[PDB]
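Residue numbers (the deposited numbering), protein chains in the order written: chain L, 209 to 312; chain E, 141 to 196, 204 to 210; chain P, 1 to 90, 96 to 144, 235 to 345; chain Y, 1 to 21, 27 to 64, 101 to 140; chain F, 237 to 338. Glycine is no exception: its CB is placed at the ideal position from the N, C-alpha and C atoms.
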Amino acid sequence: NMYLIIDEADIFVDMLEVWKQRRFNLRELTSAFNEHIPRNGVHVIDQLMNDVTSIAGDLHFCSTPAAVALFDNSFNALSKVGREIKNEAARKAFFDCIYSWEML
Amino acid sequence: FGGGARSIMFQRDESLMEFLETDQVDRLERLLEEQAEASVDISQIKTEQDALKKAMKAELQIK
Amino acid sequence: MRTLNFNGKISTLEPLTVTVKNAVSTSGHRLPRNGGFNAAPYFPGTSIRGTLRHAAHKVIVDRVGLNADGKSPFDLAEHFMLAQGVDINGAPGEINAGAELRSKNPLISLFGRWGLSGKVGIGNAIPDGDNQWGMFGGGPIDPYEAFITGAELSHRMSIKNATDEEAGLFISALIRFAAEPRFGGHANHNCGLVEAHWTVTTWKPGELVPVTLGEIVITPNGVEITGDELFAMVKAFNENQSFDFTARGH
Amino acid sequence: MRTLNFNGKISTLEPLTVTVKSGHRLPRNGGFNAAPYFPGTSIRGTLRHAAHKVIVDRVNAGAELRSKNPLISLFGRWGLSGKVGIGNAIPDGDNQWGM
Amino acid sequence: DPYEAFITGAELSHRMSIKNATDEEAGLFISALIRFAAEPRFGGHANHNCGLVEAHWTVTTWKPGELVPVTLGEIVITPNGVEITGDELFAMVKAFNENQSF
């Protein structure tokens, strides 16, 4: 029916990057698996959550080499935690979630 | 392991009140009150320090 | 000059509990567990150490004597320094004065302070068997975890390089503590009164086997000190008149 | 100043039930298959009520209060420490407990 | 529903203590026990008649530093009455009763 006139299209395609964002909230994953919880691993999940707060600081997004390095290290230590979930179905769900995040 | 807390002996067991002199009792009361005041002051200043740490550079470290 | 090791057991006549901030959780007062959440509870050595340190301090002030007014000659600074090892009043010069300070103040040598290593080390008591711990304090009242009546708890201390007077002071502290042999908290509910015994064994370095100097048994019906060596230690501490507890440093 | 210990026995003339406040089972002395025990909380409450009845019939530096009020001296409030401590009553021999 | 309870005639070991007890407050404790002897009821189930029990209790003090305690006496609470022995305990009660310093 209608037309779309995007004024400031440079700002549009620049702001796509802010909207090209899917965030893996480690607190959300912590809360999600409260029954298949390898609680021994929780420290790691908190420790990484601390490091993010140290690196991310007050920013909603940061692409510094520190940020990508922490991304990789966090996901490797979460694959570490992956071999701690007891329920095999839950273990596979967690593994597939982290694998999807990795390919994304 | 370890843990626990050092505590004021004099508020745990009270037989020591019969050992201490009145001047020393006043000293103990002053100690307790002044440590409560120092505790609240240090709690406030450490909360401020923690908030500043959460805020985030060399100038910040100097501060 | 000897190294003394006390090895023995504590039969808790009443449940034994301790409220450690790290151990206690939102569930309630849980004993520290000696590992993960599913390890064996242990009674921390900190509680016994505080109790026996205060026993030592009380016997020290009692032997010092009480004036007609009923007060001890010591000041608040000396009391805090003896009991909690805190320099209330507030190094290379203390490098050699440490030995003399230990000589004139048996208690501060026995239980250390900031910078001065304590000769006595009081460890963690641990149950012998299993399922010797439960939940007590029913009432809305948060129940606390504790050991059970009759629970056999394996305890061990070690005084390193104890002179006759240091070990005499420690045995005197044990004697005094045997009056009200109570550990931990929840004095209300009488949780903490125990009945313990230790084998005192010394080990002259170089020897292949230690020699048992005797036995110290604490029961609600009395205290049995067997072995003349322990009595000699006690008599050495008691008869000594060369202690100056009005000392401090840093 | 004297520290007093009251050590002895309780003889039961009729079945003593407690924890009225899955099924109603007595407090267990550790685990689930050990002996049961009588809660000291109930005993201390009874002693508190008895002391209240007796006083009613008769009628850090803050320690003068315990010199002023023997009742709060013996048992004590949340702030002040209580002088008295009421252990539990443990069965001596086996059985002595039934459904 | 059915309950679990100690059978009649059961004997239970019990220990209490008063920390650094003074004459007056320990006299109050003895008076509380004496008054409890009139209605020696523990626990609940009062409608069920639970609580009726008797006890005998050696009271022993221990001056710190001595190797043994001294047996001040014993207190026996039974439905037949109250029985107390030892001059110390009677002196303590006689000290508590006329205490106008409360």
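Asked	Found
Exposure label - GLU261 (chain F); buried when at least 16 CB within 10 Å	buried
Nearest-angstrom beta carbon gap, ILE313 (chain P) and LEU269 (chain P) [assumed within contact, 8 Å]	7 Å
Straight-line Cα distance separating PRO238 (chain F) from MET140 (chain Y)	7 Å
Per DSSP, cross-strand counterpart(s) of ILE10 (chain P)	P:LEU248 and P:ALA291
Min CB distance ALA262 (chain P) to chain F below 8 Å	no
Member of P:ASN285, P:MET81 and P:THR341 whose CA lies at the smallest distance from the CA of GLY117 (chain P)	P:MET81
Any non-hydrogen atom of the ligand NAD closer than 7 Å to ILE48 (chain P) Cβ	Of ligands this structure carries none, so the ligand NAD is not represented either.
Secondary structure of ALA68 (chain P), DSSP reduced to three states	coil
Host beta strand (DSSP E) of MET157 (chain E) (start-end)	Taken as a continuous stretch (DSSP letters only), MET157 (chain E) belongs to no beta strand (DSSP E), as it is neither H nor E.
CB contact check: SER337 (chain F) to chain P, cutoff 8 Å	no
Residue-chain proximity (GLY245 (chain F), chain Y), Cβ-Cβ < 8 Å	yes
Close-in-space but distant-in-sequence residues of the same chain around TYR42 (chain P) (CB under 6 Å, 5 per side omitted)	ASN34, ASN129 and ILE131
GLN229 (chain L) burial status per 10 Å Cβ neighbour count (16 or more: buried)	exposed
Rounded separation between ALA96 (chain P) and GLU105 (chain P) - CA only	15 Å
Buried/exposed call for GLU319 (chain F), threshold 16 Cβ in 10 Å	exposed
Assigned exposure category for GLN184 (chain E) - 16 Cβ within 10 Å defines buried	exposed
Any C-beta of chain P under 8 Å from that of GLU161 (chain E)	yes
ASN101 (chain Y) at chain E interface by Cβ criterion, 8 Å	yes
Residue span of the alpha helix (DSSP H) that contains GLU296 (chain L), given as start and end	296–311
Chain P within 8 Å of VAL289 (chain F), Cβ atoms only	no
Closest residue to residue 92 (chain P) among P:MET328, P:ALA241 and P:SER337 (Cα-Cα distance)	Along chain P, the last residue before the gap is 90 and the first after it is 96, so residue 92 (chain P) carries no coordinates.
Proximity test, Cβ basis, 8 Å: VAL306 (chain P) and chain F	no
Proximity below 8 Å, CB of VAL295 (chain F) to CB of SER11 (chain Y)	no
Beta-carbon proximity list for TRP293 (chain P), same chain, < 6 Å, skipping 5 on both sides	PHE6, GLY8 and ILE311
Beta-carbon proximity list for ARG277 (chain F), same chain, < 7 Å, skipping 5 on both sides	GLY287 and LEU288
Inter-residue spacing [alpha-carbon to alpha-carbon] between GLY50 (chain P) and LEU13 (chain Y)	43 Å
Cβ-Cβ separation, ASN136 (chain P) to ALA39 (chain Y) (assumed contact under 8 Å), whole Å	7 Å
Residues from the region 271–295 of chain F in contact with chain Y, defined by Cβ distance under 8 Å	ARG271, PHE272, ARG277, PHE278, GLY279, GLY280, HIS281, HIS284, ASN285, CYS286, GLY287, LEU288, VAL289, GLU290, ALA291, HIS292, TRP293, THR294 and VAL295
Of the listed residues F:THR297, F:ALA331, F:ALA274 and F:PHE272, nearest to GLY309 (chain F) (C-alpha basis)	F:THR297
Residues of the region 8–21 of chain P whose Cβ lies closer than 8 Å to any Cβ of chain B, in chain order	The question asks about chain B, but that chain is absent: this structure's protein chains are L, E, P, Y and F.
Short CB-CB distance (under 8 Å) between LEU4 (chain Y) and chain F	yes
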